[PDB]
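Asker: Protein chains in written order, with the authors' numbering: chain AE, 2 to 432; chain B8, 122 to 183, 205 to 328, 336 to 594; chain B1, 617 to 633, 675 to 718; chain BE, 19 to 670; chain AG, 849 to 896; chain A5, 2 to 38, 46 to 67, 72 to 262, 269 to 297; chain 3E, 410 to 437. Cβ atoms here follow ideal geometry from the backbone N, Cα and C, with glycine treated the same way.
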RNA sequence: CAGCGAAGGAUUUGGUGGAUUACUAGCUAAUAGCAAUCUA
């Protein structure tokens, strides 16, 4: 490499040190409130005292900023210089800055957080040192002047490369620019680690979940025509779906439901992946809107399932788990809705799992398959395992009235399954 | 704590200051020989400061169902044969040897049909010869070849009866007042049909015919019918062995095309329906297992210059049933037009409405629809136009979405003037105006 | 006439990692024995055949 | 059979054969010692330069080789050889007849496992000398204790102990007291590989079903397990530069990378080597470095590097995938054709059954390069046909290089298996050319030639018709139709004046070339299989079907010698550059040298593989043969370039 | 009759909506302060 | 090129079994070689990518063993039209050659493994593999009566194998290309011929010495020998037939063909001969 | 502009390694 | 338009790797040590 390249590397290392007055002015005029001519003449005491006022306002709004008043906004930090302590003190205060940023990511619509993080911008130089976490935290606010301001004063990371024509510009970045930003794979790994820290420290708020889910399903939509990009993309977004389903927020759970339903209708996933996805869906299902989205998600994920094995009995563990999260009244009511969801293959798998695993609730399967209409292969498999139920256990009135329903519609088909296995006079002598 | 002690290291005794590497793990300047367990601990700490201790060893040793299934799987889609129905938007179609590459054609290939059972492909065109090719992958050879002098051919069809499936006729016809029928016997015995039994004024050219099956409906005796499209609105149906005029069906307008649907009734009885389209867009369905009487008359939604109707999803005239119990009702019906618009109707619900709406109107190729054929399973429709070059699309259905990866800009489709689907192999033949049948295999089948 | 890289016009392709150029100024054939001399920059290069090697028969059977 | 003209020099073009290589570290640099059949080769890992080749061929194939600092330990049939700078320093004969097949070196001990599950320990005499030399003891792994020994390792800080990895068990021996300290519990599937982790007292085991176990050899437990379903695990390596990654190597040719800290899967390099030749056979991280060297049985040795992370704050979670770095390689299948590219004996063109044309260097093995098959554009502007999934050309039957106009236009003309056109190539650019010469009679190309003006190429089809194309512009100039069966040899004068063709109907046609006449036609007594034209003396030799070599001159059109003695079909032959000898090779496993002045056989070599190609250098330096097995090119040097040999006939 | 069972299995397949490049581009306009379940049914309306 | 992918006669040359493709699926048919003593029904391979790699007539319900490319030997009776029994190895490797002696079937694998099956017991008796034989594509049982000792296996290089020791007892210099015919002529000789060359060579199975070389004038596709070594008829790539009459006598080291037969039509079109039979 | 997948020029570094010659002891 | 025409074609460009001389290994205080270290 060349000498100017190696010197650009040492400039990028020494970016924040003010080595004379002109660099100090150019480096201290980068404010988030004031313009450059006021910001260059301000002091540390002035910006600290009104940032401490704004942190008291932000702390009486949300009381988790008081420990930042203890450490990051204390009065020892007026004289704390960033690039004079070692790497271990640097990583201490940079996870302090990361904690503040992913706590105050939600508060970015109210001016105390602007005047408070003004002091992180001007004392700790987080627009050029801790800049990836700053962009990732305020990414939701991209139509707003506060994201315009941080783009004007930011030094843009190499992963955020497509925002480089919207820095120091008067127009906001557009939604197609946001999808082009999210369309990378390394950016997707970065954003999923950011969400992992959000989910861990319990700071996921609904505007973030909406923006994140919108950009994720637009990434899947953009890559919907190349299977190798979809296959690069599956263990990233299904991993973040698992980590959103493994939390307590109903909003982040149905965000994961949205990601799972778009991804399963974008490409045909494996049967075992779909079953483990419904196990992870049911294993933390506690809300009601989450239950609504969870039933619709499990129905569509079973609908988008092809081949030999789409409508087996779902196994005993996952069927009794689905029973413990959704009883009979819930399933029957949801099928009785006039909007008519498409629940064909899932309801077939459900009734076959009832016939292999319950053997008491057969009047309810008569009522629900009276409600919704199925296909020929669905009802053929249903009456074949009802035939096997008749041959294993003694045939009472619930199985008899089920066969009366399967005689009252499509009696030629039940004749075809009895002639494929058994006989009609022998079956009438059975029951 | 430990699962073994060896009782030899405790009584060993090492030197230290003999080599420069072990000279660093002393704790004094008076140590010269140390015990073995001490020495092992010194170089254990030295190993730990050469390679620092990671977090994966002491962190953990061995709702997580999705994470576990992702950490074990490497492919994430359905594998090979647990699909059984086509994936949309991306085909899987290899190119084989061009079928008539062994023996070239001296004209544009006007019609093209596979055999119902044997691996035979019949091509034929305006050079008044018809050629049969044993097709395979590598070496599509020429079985036989018959040149009818003074009779250019426009439609040629393998007929194979349902009673004994042993006739194997070839019916062929062009812009003539006759139609030839070759009886396949592996000299060649062909006969000529040239008598409309009183109906010669309404049938001046035997070009557009189709061959179909018909049941007597008082016996269970089937026989083949040929169906000739005539001048006014007329379809003249006549026997495929005796040539006797059986019945005629007249539609009101300019008859442009027609197709044959079958529907089963009971064990061993089916019913033949002729589906004939005006130029304007109104469609007649005639029951013709009885006298040729109309049972339904509906109208195509949109569509003003109508060139070609086709059914599919069951037994068409191009996917024929070898055995009478294997006759199926067709699911799909595509009406393809002069602007390139192809309406697509789903006859599992669009037999009742009498102004039925299409499930989709395809618009991808912009000039006149001259072929549209359904694959035998009824999952692909093939639109094709003989007007511009490379105008062929394979539209997946039920999703009604065109495959976007084939044909590409480098497919040698040519000016597509005929197309044919194999009944068993999953295999397209596409004949163009240069005289070349190109051959492709769909790897789903 | 030369593979010396110390002369100039020797290499057609220079390693991508004045000098005396190489040139022949006079050529002459020998008047008595099947050779030629070339006045290069390195000296008088003398190229000659010899019949000790190269089996080259003349209509043997 | 020992020879008296040619003596063996080297076998070039070989990089690996799928013995797991060893890495070694002198100072802060690394070398990579890979086995090529019966020799090893040391490579400089910073640039993959060939430092050393072992001095003598071992009497059998090297089967297990390791490398400490300056010394390389190579185990073949019975014994362990200790080598420094190629030259062998010591030879340790084991006291068994069992084949030694594993070894480790730690401390003063070299431990070599045979295939009868015995282990031989060898000790240094005084701890200051360089290699273990004296016999110490013998260890035995009987059927009660464990299965077949599948690996033999020493994980660090274990005072004179040895981890023996059997197929089901892990034993731990004290090699001074000869004792079995600890035998682990069994493993429910057969373990194939082992690698010691840089974590203290942890080994990593790789099974024949798809799992990596992380056994803790002091607790006796397993720490964690990594499952890669339906994949047999053939390599294990650990990253040691502050990034805890593991790299497993799968015998379907895959290299999978795992993060052990956050338990994810970083990346998979698919088809990094061929499954048919063994998959990835040895993959190892150069320690402290983000570069991993892989090697496979397909005669290939690659390096992959991890670039630093693209996120400037996260890093550990955004791991950039491994990219390719330098690699060396050769043919993966034995070569089918051989030619010398120039008169200096520097490069030689070499085509193999794996459908690649390499250009191998006889001077420096880094200069060996695969001639590229990336086609040019069509001359008019139309589309070129062919499959979208690009594959290599059919394997090369013949070729002819004539670098009179080199760099100017197309230079090599080559003929492939069962296809009706001959491609061209440019040796200067090292790539294909713009022209494919057709035969114009629907016959496959049986021979090629080209003139030494470089203007004309000659195609000889299997329907007996010579077509003469221009190499610059690629168009048909002339077309001679003499033969009716396949034309197997075409050549032309050094003055472009008389051409000579030979077909397998057994007629040699002599044509004038400037005028298009024929000068004559001579009917031999067998179909002719191959012609070689010695161009200065104007004498061409024919390999007839009656197992003779007919030497005939083109000036007066007479058979002037006829050499008898081969017992089976003559595969190849070539003239001496002075045109005095002709060396032939045939399917009776023999190579003979004929002094065509006296007309008799000077020397004979019985060689175990049948030599399919024989070429002299255009100076009298080297003979290059090519055999049925072996992916390389065997190279001989004629001792008659330094002494004079007697032209007195051998027999038997 | 396994061919008839396979034909009825491929016959009982219903028309679905496929994801395009631009099936979800018009959601950024109304992800502003709506609830996440309203986002879920707005997505499900696009998918159906 | 020919549509007939595989073809072989029964012993005595009365029927011909032949595998051809039929619109992407293999089909196996049997024709009588003289009608004076059509057969329109085939065995159909139901998979598009399952194909026959070798076939052998058994000798008395008459049957064919068809060695497939999924580690199976199908056993197919020809009067009926079903595969009567499906031998399988433990693997998915395609099998390169089979043979039988009496009731004892032997077969070679693409992983260079030897399998032995018993046609009387329908069981896999033995499975092994031997060193330095690694590209095998032909085996031939050297006959010694009901004893099935001494296999003869080719990989471009023929090797004689004792099966009691599972080891190689002789090594013949084969060819420069894979061996395509490997057949035992007498109790002391075997002929071999490779892919894409026109040279057979007859080796002495007791010494290793090549007795003679037989030279076709085109690349050899198949060969047949009469049952008493007195004549060998090979059929070549250009559709011709070449008869070597009495090749095992003293044209001393290499012998040309004695007779050459080709077929033309009445037109001038030359049809190709594939797979003749001599007696 | 998309993100810049350019490769750096890789040079090896100086690494320390445990050698096992100190893992062998003799008895008196 | 004709022609060429295998699940696409063309043009332009950034980065890296290998060759661009003929392959005997790293460091040092060098007949040897080190390479985990030269220092008591």
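1) Using 8 Å as the threshold, is the segment 103–119 of chain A5 in touch with the segment 79–87 of chain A5, meaning 3 or more CB pairs across them?
2) Which residues in chain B8 sit within 8 Å of residue 285 (chain AE), going by Cβ to Cβ distance?
3) Residue 280 (chain AE) versus chain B8: which residues are under 7 Å apart at the beta carbon?
4) At 7 Å on the CB atoms, spell out the chain BE contacts of residue 102 (chain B8), in chain order.
5) Using a Cβ-Cβ cutoff of less than 6 Å, which residues in the same chain neighbour residue 594 (chain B8) once the five nearest sequence positions on both sides are dropped?
6) Between the Cα of residue 64 (chain BE) and the Cα atoms of 418 (chain 3E), 437 (chain 3E), 436 (chain 3E), which residue gives the shortest distance?
7) Report yes or no: do the segment 677–690 of chain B1 and the segment 570–590 of chain BE share at least 3 C-beta pairs separated by less than 8 Å?
8) Could you run through the segment 591–607 of chain BE and flag, in chain order, every residue whose CB is less than 7 Å away from some CB of chain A5?
9) Along chain BE, which residues have their Cβ under 7 Å away from the Cβ of residue 213 (chain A5)?
10) For residue 892 (chain AG), report the span of its alpha helix (DSSP H) as first-last.
11) Kindly list, in the order they appear in chain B1, the residues whose Cβ is closer than 8 Å to that of residue 578 (chain BE).
12) Any beta carbon of chain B8 sitting closer than 8 Å to that of residue 121 (chain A5)?
13) Closest to residue 209 (chain BE) by C-alpha separation, out of 219 (chain BE), 194 (chain BE), 186 (chain BE), would be which residue?
14) Starting from residue 345 (chain BE), trace the beta strand (DSSP E) in both directions and tell me its first and last residue.
15) What are the boundary residues of the alpha helix (DSSP H) that includes residue 221 (chain BE)?
16) In the DSSP assignment, what residue or residues form a beta bridge with residue 283 (chain BE)?
17) Looking at the strands, I want to know which residues DSSP matches up with residue 174 (chain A5).
18) Going by DSSP in three states, residue 104 (chain BE) sits in which element: helix, strand or coil?
19) Look at the alpha carbon of residue 456 (chain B8) and the alpha carbon of residue 308 (chain AE), and state the distance between them as a whole number of angstroms.
20) Out of 183 (chain AE), 251 (chain AE), 6 (chain AE), 349 (chain AE), which has the shortest C-alpha to C-alpha gap to residue 218 (chain AE)?
21) Which residues in chain BE have a C-beta closer than 8 Å to the C-beta of residue 229 (chain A5)? List them in chain order.
22) For a contact defined as C-beta to C-beta under 8 Å, what are the partners of residue 185 (chain AE) on chain 3E?
23) Taking Cβ positions, are residue 205 (chain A5) and residue 189 (chain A5) nearer each other than 8 Å?
24) Considering Cα atoms alone, identify which of 301 (chain AE), 165 (chain AE), 424 (chain AE) is closest to residue 262 (chain AE).
25) So, with DSSP's three-state summary, where would you put residue 233 (chain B8)?
26) Touching or not, the segment 8–23 of chain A5 and the segment 266–284 of chain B8, by the rule of three or more beta carbon pairs under 8 Å?
Answerer: On the basis of the supplied data:
1) yes
2) Within the first chain, residue 285 (chain AE) is the residue found at index 284, counting from 1. 205, listed in chain order.
3) Within the first chain, numbered from 1, the residue matching residue 280 (chain AE) stands at position 279. When 7 Å is used as the limit between beta carbons, residue 280 (chain AE) is near these residues of chain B8: 207, in chain order.
4) Here chain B8 comprises residues numbered 122 to 594, so residue 102 (chain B8) is not present and cannot be evaluated.
5) Along the second chain, one-based indexing puts residue 594 (chain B8) at 445. 575.
6) Residue 64 (chain BE) sits at position 46 when you count from the first residue of the fourth chain. It is 418 (chain 3E) whose Cα lies nearest to the Cα of residue 64 (chain BE).
7) no
8) 605, 606, 607
9) Along the sixth chain, one-based indexing puts residue 213 (chain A5) at 201. Neighbours of residue 213 (chain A5) on chain BE, chain order: 586.
10) Residue mapping note: residue 892 (chain AG) aligns to position 44 of the fifth chain, counting from 1. Unbroken alpha helix (DSSP H) run through residue 892 (chain AG): 884–895.
11) Here residue 578 (chain BE) refers to the residue found at position 560 when the fourth chain is read from its first residue. Under the 8 Å cutoff, chain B1 gives 714, 717, 718.
12) Position 109 of the sixth chain, counted from the first residue, corresponds to residue 121 (chain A5). With 8 Å as the cut-off, residue 121 (chain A5) does not count as an interface residue toward chain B8.
13) For the purposes of this step, residue 209 (chain BE) is taken as the residue at position 191 of the fourth chain. For the residues 219 (chain BE), 194 (chain BE), 186 (chain BE), the minimum Cα distance to residue 209 (chain BE) belongs to 186 (chain BE).
14) Reading the fourth chain from its first residue, position 327 is the one you call residue 345 (chain BE). Start and end: 341–347.
15) As a working mapping, residue 221 (chain BE) is identified with position 203 in the fourth chain. Unbroken run through residue 221 (chain BE) is the beta strand (DSSP E), 220–225; no alpha helix (DSSP H).
16) Here residue 283 (chain BE) is taken as the residue at index 265 of the fourth chain, counted from 1. Residue 283 (chain BE) is bridged to 276 (chain BE).
17) Translated into the one-based positions of the sixth chain, residue 174 (chain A5) becomes position 162. According to DSSP, which records beta bridges pairwise, residue 174 (chain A5) is partnered with 179 (chain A5).
18) Position 86 of the fourth chain, counted from the first residue, corresponds to residue 104 (chain BE). Reduced to three states, the DSSP call for residue 104 (chain BE) is coil.
19) Residue 456 (chain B8) sits at position 307 when you count from the first residue of the second chain. Residue 308 (chain AE) sits at position 307 when you count from the first residue of the first chain. Roughly 37 Å separates the two Cα atoms.
20) By one-based count along the first chain, residue 218 (chain AE) stands at place 217. Nearest option by C-alpha distance: 183 (chain AE).
21) Position 217 of the sixth chain, counted from the first residue, corresponds to residue 229 (chain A5). By Cβ distance, chain BE contributes 503, 522, 545.
22) Counted from its first residue, the first chain places residue 185 (chain AE) at position 184. The contacting residues are 411, 412.
23) Locating residue 205 (chain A5) in the sixth chain gives position 193, where the first residue counts as 1. Locating residue 189 (chain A5) in the sixth chain gives position 177, where the first residue counts as 1. Taking 8 Å as the cut-off, the Cβ atoms of residue 205 (chain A5) and residue 189 (chain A5) do not count as close.
24) Position 261 of the first chain, counting from 1, holds the residue named residue 262 (chain AE). Checking every option, the nearest Cα to that of residue 262 (chain AE) belongs to 301 (chain AE).
25) Counting from 1 along the second chain, the entry for residue 233 (chain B8) is found at position 91. Residue 233 (chain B8): coil per DSSP, three-state reduction.
26) yes
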